[PDB]
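Undergrad: Generate coordinates for the sequence data below:
(chains A and B, ligands or ions: 2)
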Amino acid sequence: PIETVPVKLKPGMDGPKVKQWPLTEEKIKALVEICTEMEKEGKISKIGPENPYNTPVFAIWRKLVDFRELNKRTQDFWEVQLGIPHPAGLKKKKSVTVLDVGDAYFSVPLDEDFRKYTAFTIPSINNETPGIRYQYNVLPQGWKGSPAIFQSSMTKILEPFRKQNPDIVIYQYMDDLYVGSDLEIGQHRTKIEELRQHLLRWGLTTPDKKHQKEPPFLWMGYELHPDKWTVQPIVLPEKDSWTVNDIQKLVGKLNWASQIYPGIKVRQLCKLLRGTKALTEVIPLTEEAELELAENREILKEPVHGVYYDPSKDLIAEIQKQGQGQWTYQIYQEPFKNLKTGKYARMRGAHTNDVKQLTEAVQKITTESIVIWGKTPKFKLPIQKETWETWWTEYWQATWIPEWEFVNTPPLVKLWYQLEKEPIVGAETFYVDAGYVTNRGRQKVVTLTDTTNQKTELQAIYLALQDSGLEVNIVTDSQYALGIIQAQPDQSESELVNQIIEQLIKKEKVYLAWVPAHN
Amino acid sequence: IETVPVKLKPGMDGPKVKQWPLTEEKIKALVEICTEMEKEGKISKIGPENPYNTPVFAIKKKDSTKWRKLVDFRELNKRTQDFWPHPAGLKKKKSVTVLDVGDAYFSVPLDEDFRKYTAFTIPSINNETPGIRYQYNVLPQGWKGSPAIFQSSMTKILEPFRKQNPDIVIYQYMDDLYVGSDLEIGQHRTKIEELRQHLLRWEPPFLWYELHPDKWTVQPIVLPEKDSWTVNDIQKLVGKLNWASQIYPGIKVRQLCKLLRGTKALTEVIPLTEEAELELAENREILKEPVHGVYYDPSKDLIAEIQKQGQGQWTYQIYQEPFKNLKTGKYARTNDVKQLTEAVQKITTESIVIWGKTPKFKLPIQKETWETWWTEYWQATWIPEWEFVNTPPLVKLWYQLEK
Ligand SMILES: CC[C@H]1C(=O)Nc2ccc(F)cc2N1C(=O)OC(C)C
Ligand SMILES: [Mg+2]
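TA: Numbers count the residues shown, from 1 in each chain, chains lettered A, B, ... in the order given. Ligands and ions are numbered 1, 2, ... in the order given. Sharing the structure here:
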């Protein structure tokens, strides 16, 4: 048969010895008919009462064994999956067949040396009739290593068939065997029968062409066709009173659709959750939430498909700024035939500018692309090279964007301001420490309330910016404020920072300098 | 049987490190390479009972169009038992050529019971297939135990060349062999060949061409030297000085400070007073040399930070205790990431040459960008430890040579 994967118990630990809870005589009978046949098939074997090990068993009839103890003692195995494919990476096939693999775990031997730890007991009806003890000869359902051992066996059992038929794509997933090709209808159905026979000659039985699922294949939240994909049917609920819970589930489903529905927005909706006190709390919808909801249900009313990846053609990724801190993008090959789309809103840091944030979106998209297609796309960006270099060269962190082409599709991203690199001759000079003193004798000591040593160092500067003219030189002792302004944000979480930013955009020339303590 | 029994440090278990996703080009190179290492018994396909993992990568090389497999054994290297010198003569040689002798390892089998810890996975695009799994049968390139275990055999082999060419300093580190000689560059490369071929006797292509340790002069702190000094200049100068006073306490500011008397316009020009010209000149002298009393002790970690100086320039420092730099340098001449990786390697090749250890790097780059691009430019056979940070504003100021 198929080779055996050796298994071990964790270091130190000993097999399981948990006693069988009382079993109803109606259940004992059932289990004896079930266990006696499993011994007729090869699954199990009776063992002499010297095997101290035992694992509980109840009846549902189907025998369901409770392995949560043996599992705790069984060695760690190599991860069963950790990652399913994304539709956008799949290739277009002429035919795709899904083959359910029955009694999968049942058709795979279990390391002999390990079996004695799979010992279980069927209690005798009579206070002294059987009292039989069994152990497994194959992979037990519910046992820690069955998914891993099964998949690893299937891979080997598939290898040859795969060498013989290199024009057949086969994807294994737990219990399903998705088989695809570009063969003509007839030839495909024959390969699907051969394969079916290949598994069988290893004991693995499958469903006939009559009983096998036909696409669209509903998988992991998607709807798969041989030639395209989308997310399963989902339009929004109609209601008068929305509960926090409903909102969160709503926001959840709209996001999910973003991978293929460009235009979905969740902001006004998300905003409803502010200060919410209970999942069951009602929240009426703002005029803006209703508009956003109304537009989402319209976008979600006309279904959109996503074509598959054609490896012969390049990958193009195009990004757009859809609001402050909001980015949308779509990756396509055939001009505008979307392989995938998505939105990006992550603000890494308390402050940033559209340039840093667009660059971070390019890294997220790059990483994503490497996972799904194994390469990075040619990027189309709403930013000119000169704006880019200009912030690049002057920033302290190191960064790098792959080959990209500027695309004049507003809003174009840019820097709203820039700090001079040299003090300005003829501009008044403010020394701020919560107030300031100018070289022309002006002063504005103001005592703030509910402040923070840091928010105070930022208010100093803000005051100086307001009372000063179009050109100004500012001197601060704060390394902190210095860091923030010098990074040249155009957006922040802080309103204060946002105020300073509006101020900086208005100035003609601003020069910031730092000096220590001792003003 | 023949193998040397190796164990992990006490109590430690094998590495379970996540494999960063790779591009199909690299996977393609990794499949071709590993298929061959398997046909030759170097590595074996493993089953699901091995739970361990170490990441793999493919890189390009020097003087070749072929790919090199690079196994990130950092984690395993740290869980591997210690094995129970270092020629300071090396940093004094006129030249040093670096050789890749990592191949010498594929002859010594590996303790059968340790193999499972060398497990690695070749990933698949978009998760469409499980991932090809393997473990080592022989000493693997990149593992701390390989040089240690092949040491006997490596001395025996070098024994001859050693006595025969006493004018050469041959130092080994991981998969690399360092060859130093004050001979003229002309004859230098000729003597390297007589070593390569003497290795074939029992192969080794070049890494980098030579390095010249002799002129690895430190990059001291400098103050601007100008004709007229504005108020802004004096403020930058004092700020710089005050921070440098953390290292050199002989630095005095008092006089220059009496210049920023009050609130003067930033651009106002301030002629320097006698008391002051002398204070600057004297602080100037203290900085001409690196601070005394800075000694390296093998007992602690070597930390290295790099700063972006803009316009293709970077600065860096090596220390064990803050402010106590063992070395501080520069690097210039591509894109940000390409440079960062070359500097990182250049600075690593230096700590190895100077102290025999790779330093811990503090890099100024978002992690995902580094993880995405470092392999496109990496040429070394080793990988140093690194963490990611943000470079404060003023640290750069205080570290470069602007005119
Ligand atoms: C088997 C061929 C493979 C593929 O390249 N394209 C398609 C197209 C349509 C499908 F229904 C499935 C798949 N495929 C696949 O692996 O699907 C798993 C993610 C479920
Ligand atoms: Mg001040």
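Undergrad: so who does residue A:316 touch?
TA: A:331-333, A:377-380 (CB atoms under 8 Å, 6 or more residues apart in numbering or on different chains). In short, each C-beta sits where N, CA and C put it, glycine included.
Undergrad: care to break the chain down by domain?
TA: Because you didn't say which chain, this covers chain A. Following curated CATH domains, one gets these domains for chain A: A:1-81+A:106-146, A:82-105+A:147-215, A:216-309, A:310-416, A:417-519.
Undergrad: you looked at the wrong chain, it should be chain B
TA: B:1-83+B:106-146, B:84-105+B:147-220, B:221-295, B:296-403.
Undergrad: do the shortest one and chain A meet?
TA: Yes. Applying CB under 8 Å from any CB of the partner chain, one finds domain B:221-295 touching chain A at B:230, B:232, B:235-236, B:238-239, B:242, B:257, B:260, B:263-268.
Undergrad: Helices of chain A, residue ranges please.
TA: A:25-41, A:70-73, A:112-115, A:146-164, A:185-200, A:244-257, A:267-271, A:287-299, A:354-372, A:385-392, A:453-467, A:479-486, A:495-506 (DSSP state H).
Undergrad: Switch those over to JSON lines; also include mean neighbour count.
TA: What follows is the helices of chain A, written out as JSON lines (neighbours: other CB atoms under 10 Å in any protein chain shown):
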{"stretch": "helix A:25-41", "mean neighbour count": "15"}
{"stretch": "helix A:70-73", "mean neighbour count": "17"}
{"stretch": "helix A:112-115", "mean neighbour count": "16"}
{"stretch": "helix A:146-164", "mean neighbour count": "17"}
{"stretch": "helix A:185-200", "mean neighbour count": "15"}
{"stretch": "helix A:244-257", "mean neighbour count": "17"}
{"stretch": "helix A:267-271", "mean neighbour count": "17"}
{"stretch": "helix A:287-299", "mean neighbour count": "15"}
{"stretch": "helix A:354-372", "mean neighbour count": "21"}
{"stretch": "helix A:385-392", "mean neighbour count": "15"}
{"stretch": "helix A:453-467", "mean neighbour count": "19"}
{"stretch": "helix A:479-486", "mean neighbour count": "20"}
{"stretch": "helix A:495-506", "mean neighbour count": "16"}
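Undergrad: what's the closest of these to ligand 2?
TA: helix A:453-467 (8.4 Å; CB to the ion).
Undergrad: CA atoms only: put the closest one into PDB for me.
TA: C-alpha atoms of helix A:453-467 as PDB (Å, rounded to 0.1, in the frame of the first residue of the first chain):
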ATOM      1  CA  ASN A 453       4.500  68.300  27.700                       C
ATOM      2  CA  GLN A 454       4.500  67.300  24.100                       C
ATOM      3  CA  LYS A 455       1.300  68.900  22.900                       C
ATOM      4  CA  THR A 456       2.600  72.000  24.600                       C
ATOM      5  CA  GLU A 457       5.800  72.100  22.600                       C
ATOM      6  CA  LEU A 458       3.600  71.900  19.500                       C
ATOM      7  CA  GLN A 459       1.300  74.700  20.600                       C
ATOM      8  CA  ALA A 460       4.300  77.000  21.100                       C
ATOM      9  CA  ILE A 461       5.100  76.500  17.400                       C
ATOM     10  CA  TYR A 462       1.500  76.800  16.400                       C
ATOM     11  CA  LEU A 463       1.200  80.200  18.000                       C
ATOM     12  CA  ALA A 464       4.400  81.500  16.400                       C
ATOM     13  CA  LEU A 465       3.000  80.400  13.000                       C
ATOM     14  CA  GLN A 466      -0.300  82.300  13.400                       C
ATOM     15  CA  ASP A 467       1.100  85.600  14.600                       C
END
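Undergrad: Please see if it touches chain B.
TA: No. Remark: helix A:453-467 sits outside contact range of chain B, by CB under 8 Å from any CB, the gap being at least 12.3 Å.
Undergrad: Which secondary structure elements does that helix sit against?
TA: Packing partners of helix A:453-467 (3 or more CB pairs under 8 Å, 6 or more residues apart in numbering or on different chains; DSSP states H and E): strand A:428-432, strand A:436-438, strand A:471-476, helix A:479-486, helix A:495-506.
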